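> A structural model of the following input is requested.
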Amino acid sequence: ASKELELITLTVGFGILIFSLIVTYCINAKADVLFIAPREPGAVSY
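Numbering: from 1, shown residues only. Below you will find the coordinate block:
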């Protein structure tokens, strides 16, 4: 009984991680498209 539940939870846990990994990954790229190379004069500092 406990094992069955553990497995179900594990699957849902691994599934959630994969979803997040894909989300964070997409963001990492969307950020690299801006902070590509060092900023040059004129750019707006944070």
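
> can you map out the helices along the chain?
2-32 (DSSP state H).

> nearest the geometric middle of it, what residue?
The residue lying closest to the centre of the chain (Cα atoms, centre = their mean) is residue 24, at 1.7 Å.

> now for that one: which residues touch it?
Listed by Cβ atoms under 8 Å, 6 or more residues apart in numbering, residue 24 has no contact partners. For the C-beta atoms, the positions are set from N, CA and C on the backbone; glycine is no exception.

> ok, it to residue 2 distance?
32 Å (Cβ to Cβ, to the nearest Å).

> ok, residue 18 next?
Applying Cβ to Cβ to residue 18 and residue 2 gives a distance of 25 Å.

> name the residue in these two with the higher neighbour count.
Using other Cβ atoms under 10 Å, the more surrounded residue of residue 18 and residue 2 is residue 18, with 10 against 6.

> distance of that one relative to residue 39?
34 Å.

> and for residue 24?
Computed as Cβ to Cβ, the residue 24 to residue 39 distance reads 24 Å.

> residue 3 too?
Separation of residue 3 from residue 39 (Cβ to Cβ): 54 Å.

> what does residue 5 give?
Using Cβ to Cβ, we find residue 5 at a distance of 52 Å from residue 39.

> ok, now residue 7?
Applying Cβ to Cβ, the value for residue 7 to residue 39 is 49 Å.

> ok, residue 8 next?
Noted for residue 8: a distance of 48 Å to residue 39, by Cβ to Cβ.
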